[PDB]
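What you see below is based on every heavy atom in this structure, not just the backbone, and it leaves out hydrogens, waters and symmetry mates. In this chain, numbering begins with 1 at the start of the sequence shown.
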Amino acid sequence: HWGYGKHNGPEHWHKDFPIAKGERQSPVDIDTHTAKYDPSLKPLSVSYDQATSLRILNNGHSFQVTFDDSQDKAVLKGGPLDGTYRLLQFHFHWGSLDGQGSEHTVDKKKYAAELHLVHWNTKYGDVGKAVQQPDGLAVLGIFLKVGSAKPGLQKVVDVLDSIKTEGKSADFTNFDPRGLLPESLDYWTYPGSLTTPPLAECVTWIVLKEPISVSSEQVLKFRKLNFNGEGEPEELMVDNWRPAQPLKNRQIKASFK
Ligand SMILES: COc1cc2c[n+](Cc3cc(OC)c(OC)c(OC)c3)ccc2cc1OS(N)(=O)=O
Ligand SMILES: [Zn+2]
């Protein structure tokens with residue numbers, strides 16, 4: 001089954017998921033000199049004041065915080081989107097070294113990690129239906145660089161000890177995702193896919209220009225999670241990122257000049 005190792009990593013995924021070689025795969029390198037300023041793009045509207053986090057889970061390839069998406073509590077709208085998208089979860093991708101870990105790159109520059117906030121289009125009623133649609137999901141991507149600590153991330157960092165191995169989960173209530181956002185909401189956008197299997201091409205990507213800073217002590221605690229389940233040979237959860245895919249017939253648009 002798929003993963004990020006030598007024998008089951010991204011270069012192998014196409015054998016189980018032929019769409020891995022598709023026309024709108026993610027992530028991509030963002031070439032800042034060929035991205036196109038689009039003045040018709042609206043500002044992002046991020047309404048997270050009513051968010052209700054539920055649980056944090058090690059799913060064997062990442063860790064994720066899940067939210068209550070049974071109502072329009074935490075929604076994303078505006079930008080390139082039509083309609084309302086509800087926040088479902090966030091998770092991270094990170095590296096074994098501070099020079100790698102992000103999935104998207106900017107002028108070939110890799111960041112230490114990348115935060116994905118996954119939202120689904122309420123027009124489709126449930127996330128399972130949305131993944132079958134070209135505009136089903138919107139993923140907000142935020143880069144992490146190593147520097148000063150990010151205080152709003154520390155509650156996540158402090159609980160990772162309790163979900164060290166695959167399948168462990170814990171109650172994780174009253175977490176405010178607004179503490180993870182950069183100051184500016186300037187963004188690039190392009191049509192893309194999930195970066196994990198089944199790699200469905202259902203995502204409007206929104207990648208923020210401004211990275212957030214995290215401390216070396218914060219990101220080191222990511223690197224001590226395990227891919228394996230408890231009682232299996234230990235395997236540190238690092239480099240759980242898919243490399244950049246061909247842009248093919250797509251245009252990256254920028255909201256900022
Ligand atoms: C942890 O990484 C991810 C978890 C995801 C989890 N989901 C949830 C999901 C995905 C589904 O199908 C793919 C579902 O229908 C089978 C479904 O029914 C409830 C729920 C969707 C997209 C995801 C994308 C993810 O990665 S990414 N990098 O493309 O944002
Ligand atoms: Zn992701």
Using a 3.5 Å distance criterion without hydrogens, assess whether the side chain of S62 forms a donor-acceptor pair with backbone atoms of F92.
yes
Can you name the residues that form a side chain to side chain donor-acceptor pair (under 3.5 Å) with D68, not counting sequence neighbours?
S70, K73
Would you say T173's side chain and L54's backbone share a donor-acceptor pair under 3.5 angstrom?
no
Test of understanding: with salt bridge (charged side-chain N to carboxylate O under 4.0 Å, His left out), list the residues that count as partners of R24, not counting sequence neighbours.
none
Nearest heavy-atom pair of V131 and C202: which atoms, and what distance?
O-CB, 3.4 Å
The reported gap from NZ in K77 to NZ in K42 (rounded to nearest 0.5 angstrom) is 12.0 Å
In short, side-chain hydrogen bond (donor to acceptor under 3.5 Å, both in side chains) pairs touching residues 143-163 with sequence neighbours left out are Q154-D158, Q154-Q218
Find out whether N58 and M237 are in side-chain contact, i.e. whether some heavy atom of one side chain is under 4.5 Å from a heavy atom of the other.
yes
Are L137 and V127 side-chain neighbours, meaning at least one heavy-atom pair lies under 4.5 Å?
yes
So does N240 get a backbone contact from the side chain of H93, meaning a donor-acceptor N/O pair under 3.5 Å?
yes
Say you draw a straight line from OG1 of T105 to OH of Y111; how long is it, rounded to the nearest 0.5 Å?
10.0 Å
How about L87 and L76: do any of their side-chain heavy atoms sit closer than 4.5 Å?
no
Can you list the other members of the hydrophobic cluster that holds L97, where links are side-chain heavy atoms under 4.5 angstrom apart?
none
Would you give the length of the straight line joining atom CG of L247 to atom OH of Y190, rounded to the nearest 0.5 angstrom?
8.5 Å
Same cluster or not: are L144 and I30 linked, directly or through other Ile, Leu, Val, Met, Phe, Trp or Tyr residues, by side-chain heavy atoms under 4.5 angstrom apart?
no
So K36 and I252, do their side chains get closer than 4.5 Å, heavy atoms only?
no
Same apolar cluster (I L V M F W Y, side chains within < 4.5 Å links), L153/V146:
yes
Identify the heavy atoms of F17 and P197 that sit nearest to each other, and give their distance.
CE1-CB, 3.5 Å
Closest non-hydrogen atoms of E114 and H116, given as atom of the first, atom of the second and distance, are OE2-NE2, 2.7 Å
Going hydrophobic residue to hydrophobic residue with side-chain gaps under 4.5 angstrom, can you get from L57 over to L194?
no
Please report the shortest heavy-atom distance between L199 and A20, naming the atom on each side.
CD1-CB, 3.6 Å
Residue set satisfying ring pair (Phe, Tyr, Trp, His ring centres under 6.0 Å) with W94, at least two apart, ordered chain then number -> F63, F222
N226 and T165: CA distance, side-chain angles, deciding distance, side chain to side chain donor-acceptor pair (under 3.5 Å) verdict:
CA-CA 5 Å; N226 291 340; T165 53; 5.9 Å; no
Between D176 and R178, does any side-chain N to carboxylate O distance fall below 4.0 Å?
yes
Just how far is it from atom OG of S193 to atom CZ of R242, taken to the nearest 0.5 Å?
5.5 Å
Residues pairing under side-chain hydrogen bond (donor to acceptor under 3.5 Å, both in side chains) where one sits in residues 126-136, two or more places apart or in two chains, turn out to be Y124-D135
Residues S102 and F143: closest non-hydrogen pair is CB-CD2, 4.0 Å
Could you tell me whether the side chain of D29 and the main chain of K108 form a donor-acceptor pair under 3.5 Å?
yes
Are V214 and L140 co-members of a hydrophobic cluster defined by side-chain heavy atoms under 4.5 Å apart?
yes
Of all pairs that satisfy ring-ring contact (aromatic ring centres under 6.0 Å, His included), the ones with a partner from residues 224-257, not counting sequence neighbours
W188-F256
With the 4.5 Å side-chain cut-off for hydrophobic clustering, are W120 and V203 part of the same group?
yes
Do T195 and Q245 have side chains that get closer than 4.5 Å, going by heavy atoms?
no
Show me the side-chain donor-acceptor pairs of residues 206-213 shorter than 3.5 Å, one per line, residues at least two apart or across chains.
residue: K209; atom: NZ; partner: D186; partner atom: OD2; Å: 3.1
residue: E210; atom: OE1; partner: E183; partner atom: N; Å: 2.6
residue: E210; atom: OE1; partner: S184; partner atom: N; Å: 3.3

Summary of side-chain hydrogen bond (donor to acceptor under 3.5 Å, both in side chains) pairs that have at least one residue in residues 247-257, sequence neighbours excluded:
none
For the residue pair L115 and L180, what are the closest heavy atoms and their distance?
CD2-CB, 3.8 Å
Check side chain to side chain donor-acceptor pair (under 3.5 Å) between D82 and all other residues, then give those that pass, not counting sequence neighbours.
none
Do the side chains of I56 and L160 get nearer than 4.5 Å, heavy atoms only?
yes
Taking only residues two or more places apart in sequence, or in another chain, which ones meet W13 in a ring pair (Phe, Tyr, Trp, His ring centres under 6.0 Å)?
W2, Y4
Could I get the full list of ring pair (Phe, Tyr, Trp, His ring centres under 6.0 Å) partners for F172, not counting sequence neighbours?
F175
State whether the side chain of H12 and the backbone N or O of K6 hold a donor-acceptor pair below 3.5 Å, judged by distance alone.
yes
Between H119 and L117, is there a donor-acceptor pair closer than 3.5 Å when you use the side chain of the first and the backbone of the second?
yes
Heavy atoms, side chains only, cut-off 4.5 Å: are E234 and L236 in contact?
yes
Quick check against the 3.5 Å criterion: does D69 have a side-chain atom that pairs as donor or acceptor with the backbone of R86?
no
Nearest-0.5 Å distance, CG of residue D107 to NE2 of residue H33
6.0 Å
With a 4.5 Å cut-off on side-chain heavy atoms, are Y187 and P80 touching?
yes
